[PDB]
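Report on the structure given below.
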Amino acid sequence: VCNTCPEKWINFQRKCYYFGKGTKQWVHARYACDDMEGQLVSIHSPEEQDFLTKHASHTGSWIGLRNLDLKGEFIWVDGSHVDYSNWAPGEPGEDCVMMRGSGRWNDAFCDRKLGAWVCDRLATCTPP
C-alpha cells in the first residue's frame, strides 16, 4: 500500500501529484518542482493520463518531457523514455512539452510562460 502524500499533493496509484499555478517558463517550472522535492510530471500509462486530464488546468500545463538531443529523442526529467504517448495531431512548437486542457501533448518554446505546471513524486508506503 503506497498511498501517503505530503499536504497539498493528490495521490494516484503509487505517485503523488502537485497541480501548480503561477506563470513560469519550462525550466522555472522544473525548479519549482525540484524545490518541493518532486519533479515535473512523467506520464507512463493511459490511466495516469486520464487522472491528469481530470485534475489539470484547462489553460495548459508544463510536463516533464523535452526533446533532449534536439533531434526527436524525447526524454522525461527523471531520465525515463517515452513508452506511453498522448501527442496531439501533427505532434511532435519547439523543445519543451506542454499538456493542453484536453490532456493531449504538444511541443512548445521552452521560454513561453504557462499559467500551470504539474509535479510528481513517489507516494510513501505504510509498512505491512
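Under the deposited numbering, the letters of the sequence shown match residues 159 to 250, 256 to 291, in that order. From the three backbone atoms N, C-alpha and C, an ideal C-beta is built for every residue, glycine too.
Considering only the alpha carbon of each residue, which of the options lies closest to residue i?
| i | options | result |
| --- | --- | --- |
| residue 282 | 180, 257, 195 | 195 |
| residue 207 | 161, 261, 273 | 261 |
| residue 346 | 272, 287, 177, 228 | Outside the shown range of the chain (159 to 291) lies residue 346, about which nothing can therefore be said. |
| residue 259 | 185, 244, 190 | 185 |
For residue i, which three-state DSSP category applies?
| i | result |
| --- | --- |
| residue 272 | coil |
| residue 226 | coil |
| residue 213 | helix |
In terms of residues, what are the limits of the beta strand (DSSP E) holding residue i?
| i | result |
| --- | --- |
| residue 191 | Here residue 191 belongs to no beta strand (DSSP E); instead the alpha helix (DSSP H) covers 184 to 192. |
| residue 162 | 160 to 162 |
Which one or two residues does DSSP pair with residue i in a beta bridge?
| i | result |
| --- | --- |
| residue 173 | 170, 285 |
| residue 197 | 283 |
For the alpha helix (DSSP H) that residue i lies in, which residues bound it at each end?
| i | result |
| --- | --- |
| residue 258 | No alpha helix (DSSP H) holds residue 258; DSSP gives it neither H nor E. |
Can you find at least 3 beta carbon pairs, one from the segment 211 to 220 and one from the segment 228 to 239, that sit closer than 8 Å? no
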